[PDB]
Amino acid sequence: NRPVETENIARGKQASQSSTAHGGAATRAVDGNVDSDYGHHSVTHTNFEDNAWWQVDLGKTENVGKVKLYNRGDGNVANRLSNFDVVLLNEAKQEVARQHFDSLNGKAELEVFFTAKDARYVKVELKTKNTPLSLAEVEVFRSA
(Lines of atoms letter the chains of each structure in order from A and count residues from 1; the text may use other names and numbers.)
(Lines give C-alpha, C1' and ligand atoms only; values in the text may rest on other atoms or scores of the structure.)
Protein backbone atom coordinates (compact mmCIF):
# COMPACT_ATOMS: atom_id res chain seq x y z
CA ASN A 1 0.00 0.00 0.00
CA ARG A 2 2.57 2.64 -1.11
CA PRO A 3 3.31 4.01 -4.61
CA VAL A 4 1.64 2.64 -7.75
CA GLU A 5 2.40 2.88 -11.44
CA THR A 6 0.31 5.14 -13.62
CA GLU A 7 -0.58 2.69 -16.44
CA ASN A 8 -4.17 1.25 -16.18
CA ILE A 9 -3.43 -2.40 -17.00
CA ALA A 10 -7.13 -3.40 -17.05
CA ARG A 11 -7.92 -1.34 -20.18
CA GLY A 12 -9.01 -3.44 -23.03
CA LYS A 13 -8.61 -6.74 -21.23
CA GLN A 14 -11.06 -9.65 -21.32
CA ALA A 15 -13.97 -9.02 -18.88
CA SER A 16 -16.94 -11.09 -17.91
CA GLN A 17 -19.79 -10.92 -15.43
CA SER A 18 -22.52 -13.09 -13.89
CA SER A 19 -25.17 -12.12 -16.40
CA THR A 20 -25.96 -9.17 -18.72
CA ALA A 21 -29.08 -7.00 -18.84
CA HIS A 22 -30.06 -3.78 -20.54
CA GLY A 23 -27.20 -4.19 -23.04
CA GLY A 24 -24.60 -3.46 -20.21
CA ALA A 25 -21.72 -5.52 -21.57
CA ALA A 26 -18.96 -6.38 -19.09
CA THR A 27 -16.33 -4.87 -21.41
CA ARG A 28 -17.84 -1.39 -20.72
CA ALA A 29 -15.93 -1.26 -17.43
CA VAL A 30 -12.57 -1.62 -19.22
CA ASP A 31 -13.24 0.53 -22.26
CA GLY A 32 -11.20 3.55 -21.08
CA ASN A 33 -14.24 5.73 -20.40
CA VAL A 34 -15.30 6.57 -16.83
CA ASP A 35 -18.54 8.35 -17.91
CA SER A 36 -21.02 7.23 -15.31
CA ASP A 37 -24.27 7.95 -17.12
CA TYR A 38 -25.81 4.64 -18.23
CA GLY A 39 -27.32 6.36 -21.31
CA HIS A 40 -23.80 7.11 -22.61
CA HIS A 41 -23.15 3.33 -22.98
CA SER A 42 -19.98 2.96 -20.89
CA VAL A 43 -21.55 1.35 -17.75
CA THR A 44 -22.10 -2.38 -17.25
CA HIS A 45 -25.28 -4.06 -15.91
CA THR A 46 -26.07 -7.56 -14.77
CA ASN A 47 -29.48 -9.04 -14.12
CA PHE A 48 -31.13 -8.36 -10.80
CA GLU A 49 -29.83 -11.49 -9.09
CA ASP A 50 -28.16 -12.72 -5.95
CA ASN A 51 -24.44 -12.21 -5.54
CA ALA A 52 -23.88 -10.54 -8.96
CA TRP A 53 -20.24 -10.22 -9.94
CA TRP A 54 -17.90 -8.79 -12.62
CA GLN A 55 -14.30 -9.84 -13.37
CA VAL A 56 -11.37 -8.76 -15.54
CA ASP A 57 -8.57 -11.19 -16.65
CA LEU A 58 -5.30 -9.22 -16.68
CA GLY A 59 -3.99 -11.99 -18.94
CA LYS A 60 -0.90 -12.72 -16.80
CA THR A 61 -0.06 -12.47 -13.12
CA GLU A 62 0.76 -8.92 -12.14
CA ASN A 63 1.79 -7.28 -8.89
CA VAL A 64 -1.35 -5.28 -8.09
CA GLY A 65 -1.24 -2.28 -5.91
CA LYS A 66 -4.46 -0.36 -6.61
CA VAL A 67 -7.91 -1.07 -8.01
CA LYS A 68 -10.16 1.97 -8.66
CA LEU A 69 -13.92 1.46 -9.10
CA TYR A 70 -16.11 4.14 -10.74
CA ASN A 71 -19.76 3.85 -9.88
CA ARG A 72 -22.86 4.42 -12.02
CA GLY A 73 -24.02 8.04 -11.58
CA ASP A 74 -27.45 8.51 -13.21
CA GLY A 75 -30.95 7.40 -12.13
CA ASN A 76 -30.50 7.58 -8.25
CA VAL A 77 -29.39 3.90 -8.20
CA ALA A 78 -25.72 4.48 -7.18
CA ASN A 79 -26.48 2.62 -3.90
CA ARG A 80 -26.64 -0.68 -5.72
CA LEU A 81 -22.85 -0.68 -5.38
CA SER A 82 -22.90 -1.41 -1.64
CA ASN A 83 -22.05 -4.39 0.55
CA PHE A 84 -19.52 -5.84 -1.80
CA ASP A 85 -16.06 -7.37 -1.94
CA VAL A 86 -13.10 -6.61 -4.27
CA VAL A 87 -11.19 -9.84 -4.78
CA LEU A 88 -7.86 -10.68 -6.33
CA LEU A 89 -7.39 -14.22 -7.72
CA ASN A 90 -4.26 -16.01 -8.84
CA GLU A 91 -3.88 -17.84 -12.19
CA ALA A 92 -5.53 -20.91 -10.73
CA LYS A 93 -8.52 -18.71 -9.69
CA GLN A 94 -7.82 -18.99 -5.98
CA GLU A 95 -8.30 -15.95 -3.76
CA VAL A 96 -5.14 -14.10 -2.81
CA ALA A 97 -6.77 -10.99 -1.35
CA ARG A 98 -10.24 -9.72 -0.46
CA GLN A 99 -11.54 -6.41 0.94
CA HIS A 100 -15.10 -5.70 1.91
CA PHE A 101 -16.92 -2.34 1.57
CA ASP A 102 -20.21 -1.22 2.93
CA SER A 103 -20.68 1.86 0.72
CA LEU A 104 -18.95 4.37 -1.47
CA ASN A 105 -20.85 7.02 0.70
CA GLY A 106 -22.13 8.84 -2.38
CA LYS A 107 -18.58 9.27 -3.80
CA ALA A 108 -18.26 8.67 -7.57
CA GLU A 109 -15.16 6.48 -7.12
CA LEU A 110 -13.49 4.07 -4.61
CA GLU A 111 -9.74 3.53 -4.50
CA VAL A 112 -8.79 0.10 -3.10
CA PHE A 113 -5.14 -0.47 -2.17
CA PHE A 114 -3.50 -3.92 -2.10
CA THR A 115 -0.21 -4.82 -0.43
CA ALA A 116 1.79 -5.87 -3.53
CA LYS A 117 -0.37 -8.81 -4.43
CA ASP A 118 0.41 -11.15 -7.32
CA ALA A 119 -2.85 -11.78 -9.13
CA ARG A 120 -4.23 -12.47 -12.55
CA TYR A 121 -7.97 -11.69 -11.99
CA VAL A 122 -9.74 -8.75 -10.33
CA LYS A 123 -13.36 -9.40 -9.31
CA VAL A 124 -16.12 -7.21 -7.80
CA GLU A 125 -18.76 -9.35 -5.98
CA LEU A 126 -22.02 -8.01 -4.57
CA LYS A 127 -23.16 -9.72 -1.36
CA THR A 128 -26.80 -8.55 -1.60
CA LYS A 129 -29.91 -10.29 -2.90
CA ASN A 130 -31.74 -9.39 -6.05
CA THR A 131 -29.45 -6.45 -6.96
CA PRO A 132 -27.68 -5.77 -10.32
CA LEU A 133 -23.99 -4.86 -10.48
CA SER A 134 -23.19 -1.76 -12.62
CA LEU A 135 -19.71 -0.30 -12.91
CA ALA A 136 -18.74 2.60 -15.11
CA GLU A 137 -15.04 1.56 -15.07
CA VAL A 138 -12.56 -0.54 -13.11
CA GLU A 139 -8.92 0.54 -13.41
CA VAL A 140 -6.02 -1.55 -12.05
CA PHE A 141 -2.44 -0.35 -11.36
CA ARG A 142 0.77 -2.22 -10.58
CA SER A 143 2.76 -1.62 -7.39
CA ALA A 144 5.70 0.67 -8.11
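The first residue of the shown sequence is 1; numbering continues from there.
*Asks:* Once you work out the mean C-alpha B-factor for both 73-81 and 110-118 from the entry, which is higher?
*Replies:* Going by the record's values, the stretch with the higher mean is 73-81.
*Asks:* Hey, which bit's got the bigger mean C-alpha B factor in the entry, 30-38 or 100-108?
*Replies:* Per the deposited B-factors, the answer is 100-108.
*Asks:* Take the CA temperature factors straight from the PDB entry and tell me which of 20, 134, 131, 16 peaks.
*Replies:* Answer for 20, 134, 131, 16: 131, with the highest C-alpha B-factor.
*Asks:* Whose C-alpha has the highest temperature factor in the PDB entry: 51, 47, 90, 44?
*Replies:* The C-alpha B-factor peaks, among 51, 47, 90, 44, at 51.
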